[PDB]
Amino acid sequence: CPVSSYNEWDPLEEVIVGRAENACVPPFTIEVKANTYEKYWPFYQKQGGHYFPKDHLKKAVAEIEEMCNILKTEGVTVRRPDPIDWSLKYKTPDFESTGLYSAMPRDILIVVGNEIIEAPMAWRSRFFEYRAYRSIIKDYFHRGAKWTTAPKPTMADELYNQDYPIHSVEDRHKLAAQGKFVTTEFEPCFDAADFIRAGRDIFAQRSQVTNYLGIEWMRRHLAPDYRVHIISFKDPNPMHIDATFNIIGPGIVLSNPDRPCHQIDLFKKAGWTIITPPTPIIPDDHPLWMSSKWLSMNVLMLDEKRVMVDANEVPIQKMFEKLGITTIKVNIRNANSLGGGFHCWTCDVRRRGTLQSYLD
């Protein structure tokens, strides 16, 4: 029973850690544009289809190897996806594209109990991302784990709002208010990172890449043992929930100050502790091609009292320390450029614990 994880904090025993090798800038299509900060459009426009800066990839490779050494030191068994050249152009009857990477296991895999679920994805450059993880998943399957792949979308034009106000407009907030994003409700789609686990309760957010159809598929697939709840935040470009509402312990959550939860009272009524982390100190000149600066709160819990946090983000380190949580500092400044922190770069396969309710 290699697979067994019910939440984000029980004693970590096994984890999968992504790879920065052969990562490619994704073609600049509507859904990529919707996620990209104006500051990087020219980069995407000129680099699409080519590898991310190799000198940069080399620094990320080194940073992740160290993180892996540290995880092993902390007693965690580490598995890595297979190396793949993401520049291969593939063609389905609906579209043609080059790949992205297998840097973020959290984006595509989620473990609920003894079951590993592969998310369908919503980006054309991520259609075949599951190929990097099949060697690991087949091994767990041979060893007794449940293996599920949610319905893979066609990703035909109909899935995208070709006329979304990507070009900047901010009333994306207005559409967002209506739960309307770059992805339509044409077919189910979602990134696993839009779901965060707390035992019997899983919280999901409708985002640029996760539609209500996708959430309903998860809800229906997991019922009645698990309850999937939808929550929303003030955010004009949501993609993944773990840098917005990161649950770090039973009844404790890190809420991004810039992205308040519309349903925060549900948690306050449940006796939950909402902690708002201090702002990130990452320089504005450092390239974050795929995300915001909020990767600082994208921490990974080794257990309730041990957290893997960025070495450079001292303010948030102090915060954890005042709470009695031991900080294991690792530097992943260059890996952050690819779009993720510790929670994103990993997928907890096995945590020592049982299925419980923390919402009463």
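Note that residue numbering begins at 1 and tracks the sequence as displayed. We call the rigid core whatever largest set of C-alpha positions still superposes within 1.5 Å between the two forms.
Student: In 8 other deposited structures of this protein, superposed by the rigid core, which stretch departs further from the shown form in CA positions, 103 to 111 or 164 to 172?
Tutor: This comes out as 164 to 172, the stretch further from the shown form in 8 other deposited structures of this protein.
Student: Just give me the stretch that moves more in 8 other deposited structures of this protein: 173 to 181 or 220 to 228, judged by RMS C-alpha distance after a core fit.
Tutor: Farther from the shown form on average in 8 other deposited structures of this protein: 173 to 181.
Student: May I ask you to compare 344 to 352 and 19 to 27 by their mean CA B factor in the entry and name the higher one?
Tutor: Mean C-alpha B-factor is greater for 19 to 27.
Student: For the C-alpha atoms alone, is the average B factor greater in 314 to 322 or in 41 to 49, going by the entry?
Tutor: 41 to 49 has the higher mean C-alpha B-factor.
Student: Which one of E170, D85, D201, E118 shows the biggest C-alpha B-factor in the PDB entry?
Tutor: When the deposited C-alpha B-factors of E170, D85, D201, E118 are compared, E170 is largest.
Student: Maximum C-alpha temperature factor per the entry, among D191, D284, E129, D242, belongs to which one?
Tutor: Highest C-alpha B-factor among the listed options: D284.
Student: Place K91 in the lowest, middle or highest third of its chain's C-alpha B-factors, as listed in the PDB entry.
Tutor: Middle third - that is where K91 ends up once the chain's C-alpha B-factors are sorted.
Student: Rank-wise, by C-alpha B-factor, drop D139 into the lowest, middle or highest third of its chain.
Tutor: It falls in the bottom third of the chain.
Student: Going by the entry, which third of its chain does the Cα temperature factor of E216 land in?
Tutor: CA B-factor rank for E216: lowest third.
Student: Lowest, middle or highest third: where is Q208 by C-alpha B factor in its chain?
Tutor: CA B-factor rank for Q208: lowest third.
Student: Among the chain's modelled residues, which third holds the C-alpha B-factor of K146?
Tutor: According to the entry, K146 has a C-alpha B-factor in the chain's middle third.
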